Number of protein chains: 2
Amino acid sequence: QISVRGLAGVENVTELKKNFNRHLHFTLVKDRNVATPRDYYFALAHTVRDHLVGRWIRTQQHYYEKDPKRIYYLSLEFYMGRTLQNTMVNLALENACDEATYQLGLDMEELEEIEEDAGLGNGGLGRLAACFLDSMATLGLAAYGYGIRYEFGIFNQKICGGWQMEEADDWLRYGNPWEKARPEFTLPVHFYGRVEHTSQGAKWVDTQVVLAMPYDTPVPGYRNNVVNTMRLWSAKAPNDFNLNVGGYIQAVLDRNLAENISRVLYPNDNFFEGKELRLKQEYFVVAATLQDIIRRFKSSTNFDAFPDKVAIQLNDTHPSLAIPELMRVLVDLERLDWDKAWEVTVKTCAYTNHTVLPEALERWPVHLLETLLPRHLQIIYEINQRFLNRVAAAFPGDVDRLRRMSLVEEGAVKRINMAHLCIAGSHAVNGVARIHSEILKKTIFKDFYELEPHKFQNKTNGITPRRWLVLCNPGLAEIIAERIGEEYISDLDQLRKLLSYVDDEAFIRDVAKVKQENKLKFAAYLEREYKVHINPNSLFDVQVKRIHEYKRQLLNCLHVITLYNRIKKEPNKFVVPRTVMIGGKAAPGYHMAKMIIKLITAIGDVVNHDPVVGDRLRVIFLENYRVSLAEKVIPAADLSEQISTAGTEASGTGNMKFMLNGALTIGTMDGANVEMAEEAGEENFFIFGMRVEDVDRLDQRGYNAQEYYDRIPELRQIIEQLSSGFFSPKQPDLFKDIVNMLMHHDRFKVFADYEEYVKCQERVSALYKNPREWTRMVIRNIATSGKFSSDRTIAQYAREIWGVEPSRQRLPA
Amino acid sequence: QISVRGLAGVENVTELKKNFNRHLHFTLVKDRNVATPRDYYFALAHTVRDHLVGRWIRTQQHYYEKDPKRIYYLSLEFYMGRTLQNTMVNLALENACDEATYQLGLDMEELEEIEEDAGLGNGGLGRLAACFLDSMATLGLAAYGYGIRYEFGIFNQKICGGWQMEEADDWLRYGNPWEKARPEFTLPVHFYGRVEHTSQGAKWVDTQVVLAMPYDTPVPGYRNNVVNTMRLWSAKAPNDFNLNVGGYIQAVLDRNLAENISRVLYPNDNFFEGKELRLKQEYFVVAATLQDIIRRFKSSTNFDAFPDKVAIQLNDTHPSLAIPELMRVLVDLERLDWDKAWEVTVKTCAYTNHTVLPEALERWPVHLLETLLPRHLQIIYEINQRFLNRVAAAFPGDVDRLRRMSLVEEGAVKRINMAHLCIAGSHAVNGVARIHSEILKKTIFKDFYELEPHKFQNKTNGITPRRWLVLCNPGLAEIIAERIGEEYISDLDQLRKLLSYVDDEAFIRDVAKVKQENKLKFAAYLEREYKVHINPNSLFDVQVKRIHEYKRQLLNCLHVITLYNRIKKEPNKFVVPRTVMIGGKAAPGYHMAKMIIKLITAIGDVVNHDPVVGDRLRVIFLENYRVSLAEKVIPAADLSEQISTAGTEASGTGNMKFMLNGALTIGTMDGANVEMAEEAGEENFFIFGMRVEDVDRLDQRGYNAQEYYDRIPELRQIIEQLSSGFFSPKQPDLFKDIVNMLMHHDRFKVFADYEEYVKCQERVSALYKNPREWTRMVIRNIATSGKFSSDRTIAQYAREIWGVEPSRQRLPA
Ligand SMILES: O=C(NC(=O)c1ccc(Cl)cc1)N[C@@H]1O[C@H](CO)[C@@H](O)[C@H](O)[C@H]1O
Ligand SMILES: O=C(NC(=O)c1ccc(Cl)cc1)N[C@@H]1O[C@H](CO)[C@@H](O)[C@H](O)[C@H]1O
């Protein structure tokens, strides 16, 4: 049907149809008479998977023969979403499969909806790892993603009576056609025990053993015949584990205790919790991965060359135990001297930071590490002593610096600061947007920057244009390709060529047409799956991301109520119609975030049923926001809400997805928003609110929310409505916690940006009244989104951190 | 190579080779350079599995169109062993696959050894279910085996310092290529809750739900293109199960509690234990199975026709809850009146008993059923009242009969007698050998036989000649086929034709040659896998079965020590050399059985290292006895030990396996031994010991073991050796429990049969000295083993219980 989806040749279509029929028969053991739609999905998945196999085997043999430097991306999260369509895109199989299935009397889009998301992440950090894997394969890097195969990913969110309910994400229930178990590469991981000192150094003895069994998933590059590997570890009890009838039975049932390590993803993305099971998960991935790395390195004695053949990237501090684990292996097992082992470790490891909020930073209680990992604690203490010796030599007499920089934090409970461990043991430390990286050097890591300035870098985040344009928005991809060709898909900077089409009447009409089509489709999705009705002609005002106080869904809520109150005051006055959509999951233990979700639904309950409002304002909570839902809502959006308090959102990546898909942005100068505005031009962005410097000024003076309440009558009205029970008539004091926080302990200064926000929103509505000028500004955004391709990000990591050159060259098919 | 293994046609071999290469590439994602022997096994398994698929789909569609009466075999145990070779045998693919793999440079026998046993049973009862499935498919019956998919089957047995150690049988670790998950047929099972009475009858409410997910395994008939189904249920928690971060995490981890139902096979085959988890297993299989049966019946309103289209066979009392569960569904859900529901239930269900030992009978505490299954307890009480009303009418004034026959047993704890439930609710009750069925009518079920004589039947056990001749002993199968053709494989009575070859010099030599070859192969197996050395020219004296006091491995031990002591007394006297092999697992909580294993190894430790003995006597404990080991040792045996106390072994089936494979039998007149001797002629069996009547006489008088000790000097010597520490020099009193039991509380009268046993063993040695006459008696045994084919057994079940006619006719390929 459309050019960018590839060729549907007679040979290929015939071959796909027969292999589909073969899988339905031999693999699924069904015939057309009893086959369910799910059976048809699996037959298609197996058919597409077959095309990956040859390329997968030949890519891995290519790396063996060429022996390039290998990149190991370590993460506790890989937020992959669905695999079927992505695989078809990267193999140029989409149109062929579409035709093949059509001739069989099936709708491929219907089959695509059956696949479960691989929801092995919380949000931005996990999705970044996924985009990175795609870009690394597309840039021909010998890269491996290493993580945990959780049985249960991020919970499915149900909304019941306006409240979030959590249910288990049993994503493996029907099987996973993409993974391949590799029980032959099973490795032992050790826990507990004690340290014994011999003449020949330290020994870690009397340990409990858990087995790590790998499952491999292929990661296809975009049309370059490269297929890399994501290897996820699963926990298995050894067969003599815990080994009378009651006693025998119990010993077998107790195997669950060991296998619980890989059972479930921790869904807390707001607040670090020092739970033992999470620590076990973190060591489990690190220990199994490093053995695998060393094995591959030896199968190429001389560890001097280790950093020339191995790079390890730490996605946050979650896999930070790689540093003392590498030291443990090199010193205790390989018998290298400390200084040489440390040199190898530093040159091998690099660390990426994703937040400056102190409550999110990992600080493990010493007593936990003492019991679980006694040898690692000893190694950490030795690292600390040697590091602080260097600090004392560089800054003599500065005793407070010594306590500030220590890996060991004193207090009620002694803790290890995992961020300090990562900086000391890495040759590179990076933030994820220019402003974030600068904040790291000026604030929380200032002391470390002064000691070792060369270590600190910036690597601005990106998103893959395969999933986030071609896959989710084929209509937009096609109209662009019609003008400038197909090369932009793996060279996104080429979108700048669209600047010469900003006054092109045909292109203006096409861009606006694609957006309208996307909005109609999404409006239809809402009625079919959720029975909710919306006006497709309204401005689609969208805020989708995890629920956090810092992200300020609450500020959005205040604007919504303002709009509602203004309509009620002057009902017969014209306003630009809006559909306000807010979606995202709250961490199960985060009370305030759960209250914010309830507020959003409560506002909807009032606004959506007021006859005076009509179809001029609608408020919808988007249930179960996840990768597959993002692929639907983002192409449909007109307005992207990126309204975090300046200095709190390290980068954001949702912002980039909206920019690429033809939405305009209302946002603060925070994270990557700053660079987005710089690329597009400030005239083409809706910027409002305090800058980082303004926040700092307010903090020095003291933030008093009452001042704003006193001086802004429209804000006072909203707070009075919330307090008096206007949005909860049967529970008048339901939102008391929210009001109390806003009035007395708001870390994120919601009131301080309120006036500028509402003002800016008026300017948005003004522009939307002029469709041609709205669309011209959209074109200026799409045309300058090139910088935010994760291909650019990965090329910078490769050149400036890993010491490898990317390659766009094809491998033979 | 050999005729019975089928044709190796050019077309087939070429096709097998290419499909093997396809699976190695596409299914296993490997190439020949990195492929392990396990990969090669899986490639072959998938290749053979492909050949089953068409026949499997077309068999099941045939049953839908023809709508015959369906047979449902319910069992908590299916002792299947390996599947690869059995599938090749039944599809006539063995020679073709042998050639295909040979041309690929692989040894198929080596690949066969890689498959894990499906050890989902304890012994005879579980193996009977497996032979039955094979025979039902071979006889063209529309039969389904229903059970539990245990994650862990019977434990692997390790011998450490002469003691049994148990380790988990993680048989699914590498995957199971034979099964197909059917998550679309997942069904809910209810537990706990309470009973509510409405105007419209009883309601079972407030229950906990566990999901039952089916896995289907194909069961091929012998060369008739029939492929039936074994459906095994796996336990799954619902997604809102048990649904704060700690709280959310724990709720997900607690899903293990529900899924523990299908985790492990209970290994206690000696003594009934009323454990809650076992009760849950029993209801789980029954509840899921009956829903599946009813669904299939409705997809053919009128339950009068239910018994015309459905037969349910209960393998022991383990699935006895089918009776009140069927009543529950018919009365509570379908709203049938009690009397009609009961008529349907009785006509549908039949019950097979497997032992008369009281400690093995299921007697569930009422308090357990009260909590777990409150509605079933009510139904059982109602069944009991109505049944006892009939008893009182038939035998007026007989108050003791009423308490004897009650389903409810009074005492310290009230219990439900599950055997009484089964008799009351079944139209047929059978024992498993003629003597056993007679003992049931005369002793434990006498009262029930007097009330309803028509209910009681005999169905003598059998074994499948596919696995237990063609598969394990191809050399013997071939020499038989050379003389009488191939028809005997599915018509074992044809072996009677071999009686005209008893004086045939060529045949005598061939039979003896096959046995010698089998012994050499097994002697080689022992050295390679276990590093133990044996004389292949010695008489192979074998006792393999689960370790039980009633089976009297101890009597065998006494004979061994007698032989040893006689050699030590007269070293330069000639004795027929023997290799005494004893193998079998002990239930983990069975102390005496564990002591018996230690005794056997302790005897071996003395005997095998005595220079005066030389190679004249060897005692070996066969570690980890299981189906695949049985297939190796049975073809190698000369002497089969079947020495249970008369009246204790209901049938035995190991006995029949030895008879078919050319071993002579030393045995008591117990179980099927009686019928074996009747078929072959008493002259051609080594019969010794008390008959059932002699045991009864001794019990009336009182069994005094001291009498035998006092009057038999050779027995006295052995007991003195055991007591004084001759077989345990470092722990002199190690075997005190054994001596004490033998002397003071031996339920099974080991001493009473000792003299006759030793005497009979001398007659065995005498015959073995004359190879030609030994072999002629062997031929007379093989020739009369036809009755003991499970095809004969199943044909009798079909005609006399299920009301269906078997068919040997082919389905189209
Ligand atoms: O998503 C996360 N963090 C988590 O999910 C998280 C997960 C676990 C803990 Cl303990 C803390 C935080 N961080 C985000 O990373 C993105 C990728 O760099 C950034 O765009 C975003 O600013 C940041 O909040
Ligand atoms: O194997 C068993 N029983 C068990 O495994 C068993 C399993 C569980 C319990 Cl609670 C009790 C016994 N019984 C045997 O059945 C065979 C088949 O009918 C007979 O040949 C044999 O005599 C009998 O002991």
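In listed order, ligands and their atoms are each counted from 1. All values below were derived from every heavy atom in this structure, side-chain atoms included, with hydrogens, water molecules and symmetry-related copies excluded. Residue numbers begin at 1 in each chain, while the letters A, B, ... track the order of the sequences.
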Tell me which one of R546(B), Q543(B), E641(B) satisfies side-chain contact (heavy atoms from CB on, under 4.5 Å) with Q553(B).
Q543(B)
Give a yes or no on whether the backbone of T653(B) and the side-chain of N461(B) come within a donor-acceptor separation of less than 3.5 Å.
no
Winner among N315(B), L125(B), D316(B) once heavy atoms are compared against atom 13 (N) of ligand 2
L125(B)
Compute the shortest N/O to N/O distance between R278(A) and ligand 1 and return yes if it is under 3.5 Å, no if not.
no
Proximity flag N270(B) to ligand 2, non-hydrogen atoms under 4.0 Å:
no
Which of these, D670(A), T352(A), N268(A), has its nearest heavy atom closest to atom 9 (C) of ligand 1?
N268(A)
Just do the side chain to side chain contact (heavy atoms under 4.5 Å, CB included) check on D269(B) and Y590(B) with the steps written out, would you?
CA-CA 10 Å; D269(B) 68 333; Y590(B) 193 170; 5.7 Å; no
Just need the protein heavy atom nearest to atom 7 (C) of ligand 1, so name the residue and atom and give the distance.
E77(A) OE2, 3.6 Å
Inter-residue atom distance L314(B).CG - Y351(B).OH, 0.5 Å rounding:
9.0 Å
At the 4.0 Å heavy-atom cut-off, does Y550(B) count as touching ligand 2?
yes
Any idea which protein heavy atom is nearest atom 22 (O) of ligand 1, and the distance to it?
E649(A) OE2, 2.8 Å
Could you give me the CA-CA distance, side-chain angles and deciding distance for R278(A) and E282(A), then say whether salt bridge (charged side-chain N to carboxylate O under 4.0 Å, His left out) is met?
CA-CA 6 Å; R278(A) 170 72 170 194; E282(A) 291 182 351; 3.3 Å; yes
Any atom of ligand 2 sitting under 4.0 Å from a heavy atom of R546(B)?
no
Just wondering, do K545(B) and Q642(B) contact through their side chains at under 4.5 Å, heavy atoms?
yes
Using distance alone, determine whether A360(B) and ligand 2 share an N or O pair under 3.5 Å.
no
With a 4.0 Å cut-off, would you call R747(A) and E549(A) a salt bridge?
no
Starting from atom 23 (C) of ligand 1, locate the nearest protein heavy atom and write down its residue, its atom name and how far away it is, to 0.1 Å.
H354(A) O, 3.6 Å
min-distance protein heavy atom vs atom 4 (C) of ligand 1 -> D269(A) CB, 3.9 Å
Distance (rounded to the nearest 0.5 Å) between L76(B) CG and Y266(B) OH
11.0 Å
So, regarding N122(B) and ligand 2 (criterion: nitrogen or oxygen to nitrogen or oxygen, under 3.5 Å), is there a contact or not?
no
Side chain, backbone, both or neither: which part of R127(B) comes within less than 4.0 Å of ligand 2 when only heavy atoms are counted?
neither
Selected option - heavy-atom contact closest to atom 17 (C) of ligand 1, from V432(A), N461(A), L76(A)
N461(A)
For atom 16 (C) of ligand 1, which of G652(A), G126(A), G124(A), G671(A) has the closest heavy atom?
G124(A)
List every atom of ligand 2 that sits less than 4.0 Å from any heavy atom of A650(B), numbering the atoms from 1 in the order shown and giving each element.
22 (O)
dist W364(A):CH2 -> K275(A):NZ (nearest 0.5 Å) comes out at 9.0 Å
Distance col, row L74(B):CG vs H318(B):NE2, nearest 0.5 angstrom, shows 12.5 Å
